[PDB]
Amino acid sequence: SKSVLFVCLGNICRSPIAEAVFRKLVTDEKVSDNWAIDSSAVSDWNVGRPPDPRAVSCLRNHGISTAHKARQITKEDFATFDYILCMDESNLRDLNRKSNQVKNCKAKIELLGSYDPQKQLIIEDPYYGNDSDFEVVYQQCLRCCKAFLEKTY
């Protein structure tokens, strides 16, 4: 099996989208049993919240949905997941800090964007934007998740 944890600052816009998209992709390829997939936040501000309504609507526009509710990343996550894929530079620095504080860091911590064929390294926070900003994020997530999946296989 293989495990991937998607992470953003609040776990209500970007990482719930990446997670739903990745889950959709492995389900379509029938390999979903070989994957453990989750998402979480650097912060604890939104813990227990389902994703932003704009993220939910964005997903729904592509025939996708998620039962996720927000949680903070924990020490165990670093011990558990093979891959921790984050969205921007500040997430990456926060995760690199937290990883130095844990006994056993198994996870490879990477920008999701580093898998982008188009080389857009950063997936920016659409929270203060509109529906088009959510669509841009969705397209980045999709193409990165496709390349991540295809690189492994």
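Residue numbers run from 1 along the displayed sequence.
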property: Of 85-93 and 26-34, the one with larger mean CA B-factor; result: 26-34
property: Stretch with the higher entry mean CA B-factor, where the candidates are 96-104 and 47-55; result: 96-104
property: For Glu19, the third of its chain into which the C-alpha B factor falls; result: lowest
property: Chain-relative CA temperature factor third for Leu149; result: highest
property: Cα B factor band for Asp131 (lowest, middle or highest third within the chain); result: highest
